[PDB]
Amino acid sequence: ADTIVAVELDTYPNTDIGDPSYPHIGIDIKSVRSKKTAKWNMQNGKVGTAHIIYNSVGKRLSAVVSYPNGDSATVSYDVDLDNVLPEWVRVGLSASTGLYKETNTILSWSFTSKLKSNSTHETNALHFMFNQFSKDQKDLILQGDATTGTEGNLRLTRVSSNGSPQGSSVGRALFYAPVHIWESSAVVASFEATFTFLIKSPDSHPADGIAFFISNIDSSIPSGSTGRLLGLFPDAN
């Protein structure tokens, strides 16, 4: 039932559902089967950073993922999000481990959306940024296994008290205020999203991955979404 638009950092390739044979980054429009992908040289144990940009004039959603001292990976897709998403939506982070595991730690997360109307004032906006997470992080909706406060970070998937990641885990963090992406009077709508992450695993085959996503305000973790479904989708269709 949920309506999901997402940018995915897919660390475990599942070639039987359309994934490339290599870890990658991709744009998902209402399906795990990414409309576009790009090769991603994931670095186990290092902090990477993901950037996601869109505007209603260009009508293309793009994402760039990079690690310090490393060439970045870029993926883009032509898409009018007004035709897939509702007027009011919630944005968030999601992550999953399945048969294989990894830590899905968010060290920082910022977001900006602006609606620009034909009138002279011309600006409606929502912006937030987390560089320090708290135990009772009231302005975030945590779903599934997601917790906050551990080393002031957001953990989207379950991690043991000794630091070891756990498998068969899924978790998301939604910003608690709804976001206004469409408006009748608007002449241009746009948004940016940024987040820093630490994926770490004792396995040479980490799984499953981390995604940013924009969805209906009542979205919840679909049941059985542990694994490559990344907490976003109920199936691989």
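Numbering starts at 1 and follows the sequence shown.
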query	finding
Between the two ranges 105-113 and 118-126, the one averaging a larger CA B factor in the entry	118-126
Relative C-alpha B-factor of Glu151, binned into the chain's lowest, middle or highest third	highest
Chain-wide C-alpha B factor ranking for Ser21, given as lowest, middle or highest third	highest
Modelled-residue ranking by C-alpha temperature factor, third containing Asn55	lowest
CA B-factor placement of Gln132, once the chain's modelled residues are sorted into thirds	highest
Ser76 - which third its CA temperature factor falls in, relative to the rest of the chain	lowest
